[PDB]
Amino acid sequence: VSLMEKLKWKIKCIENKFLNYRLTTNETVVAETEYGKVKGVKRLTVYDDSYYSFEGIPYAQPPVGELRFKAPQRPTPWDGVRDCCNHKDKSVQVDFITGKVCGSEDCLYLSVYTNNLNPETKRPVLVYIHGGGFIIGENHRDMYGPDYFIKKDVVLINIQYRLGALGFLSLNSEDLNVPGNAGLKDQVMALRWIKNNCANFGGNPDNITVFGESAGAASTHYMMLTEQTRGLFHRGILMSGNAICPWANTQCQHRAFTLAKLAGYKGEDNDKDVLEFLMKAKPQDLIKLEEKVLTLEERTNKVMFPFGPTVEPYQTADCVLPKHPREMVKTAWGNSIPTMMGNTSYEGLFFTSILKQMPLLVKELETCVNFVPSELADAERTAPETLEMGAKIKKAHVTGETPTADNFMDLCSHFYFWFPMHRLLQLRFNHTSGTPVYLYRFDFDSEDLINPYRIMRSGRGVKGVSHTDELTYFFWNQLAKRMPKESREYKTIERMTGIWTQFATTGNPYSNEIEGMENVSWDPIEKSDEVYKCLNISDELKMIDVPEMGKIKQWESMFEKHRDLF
């Protein structure tokens, strides 16, 4: 990230600290939790609203020393008042602006926000799980400020969970108790805390909605798949992702050795010796070197991250993913709660930054073999069957004689998001009680209000609605500003937060109390539907046939001779 964006960010960080001070009040409040009393504070928003804020609430033992790489343990109770008027540090990660490691192993906290601590009726509980490829992210308000949501009468909760290798190291040897998915198991224990405590904040424990974007969407889906959380919550929203996206799980059991080797480990490839080296390493050294773990074969085959959600190699008491995600959908409790899913109108427009450093990647569309689903393609991607599937991809996205960067980013829309969504829906249909699933398409483009991901994806002055562009209308961030109530951006804040709160409350996302939904008839998808219908959210709200349907079906046709893998 450029020196100019670095210094720009530095100044916004400085601005954000002073804004956060100014927007704080002297009204502190104390709430009960099952672990002891916590002290929160009332804060202001730039829209002259206010909300009670509880940050740094621990839901697990700090996973340090011997707890590193391990499943989370319940925190220790305290008898006194815990200061929750400030945020805790984020999970150890690389800062995308600076490039320096930041954060701490002491990161297992959640934050609770609400405009009214003593509501006259128990409120819908919204639980946000942040994305960031399972390697970056936080519940800090400079990125995920509850300021828009607290206009509605909900309780909103933003969690943290371990990222990178510290969250997702996985070892085969059953003796060492590092099966994997520690970060997902963090998410689980946070859920159980939210179940048992949200009532003290005015939250209705029988009406909880979990939702997330990108890796947070995959996470939300995982929380809907695992037996560990059955009945814990009641609605789910999958924003630009799910557990069967190709980036959302990986078999990384061999990659511990690689990371240890990268960090200075001298010895042999056996899990015990590797674990002991890793257990004593500085956390920043491990996270700094994660970028280098993947081989060139892996990157070629589109393996996006070294460490992530995995099929655990043996079953433990806290095990989250005992089989592959596709298998878990077939027995998922979450299949039977009201679900909302969706994507932006140009998801893959995100990859512009990466394309600029790697122009050659556009030539990959000449045969498209590298985008054939791994489970179908051969090792070298050279088999005649592979070129054939590859060709069905190429017919779907390459518009002319020679492939373009836009062709590429369009493909990525489907490779990373739409096709996995399509497979999940169809698979889900074969194993569900018949609870409704609604589809949305976020198609609102503005450069007047943004979020920090635009900095990352080099999205300055780039038209179209990229992956992460919708976050701007759900959460405050330090790049935001007060928008006029009549502006198109503010209207979309109301619409987005309104629909989400509508869906959280009823399990049905429609309301005629939302501006622009007068002529909207928003039907759930049926298994009988050959074409998906979705609410397309732009300046106007319009029900349409999913425009990506035709390419979606083309992708499916790759499984013609392999329907059981679909």
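Throughout, we count residues from 1 along the sequence that is shown.
- As the entry records it, the average C-alpha temperature factor is higher for 354-362, out of 354-362 and 371-379.
- The question of which stretch, 103-111 or 175-183, has the higher mean Cα B factor is settled in favour of 175-183.
- Per the PDB record, 405 has a higher Cα B-factor than any other of 412, 262, 424, 405.
- Residues shown: 268, 142, 445, 347. Highest C-alpha temperature factor in the entry: 268.
- When the modelled residues of the chain are ordered by C-alpha B-factor, residue 37 sits in the highest third.
- Per-chain ranking of the deposited C-alpha B factor places residue 397 in the middle third.
- Looking at the C-alpha B-factors along this chain, the one for residue 516 belongs to the highest third.
- Ranked within its chain, residue 323 lands in the highest third, by CA B factor from the PDB record.
- Per the deposited record, the Cα B-factor of residue 557 falls in the middle third when ranked against the other modelled residues of its chain.
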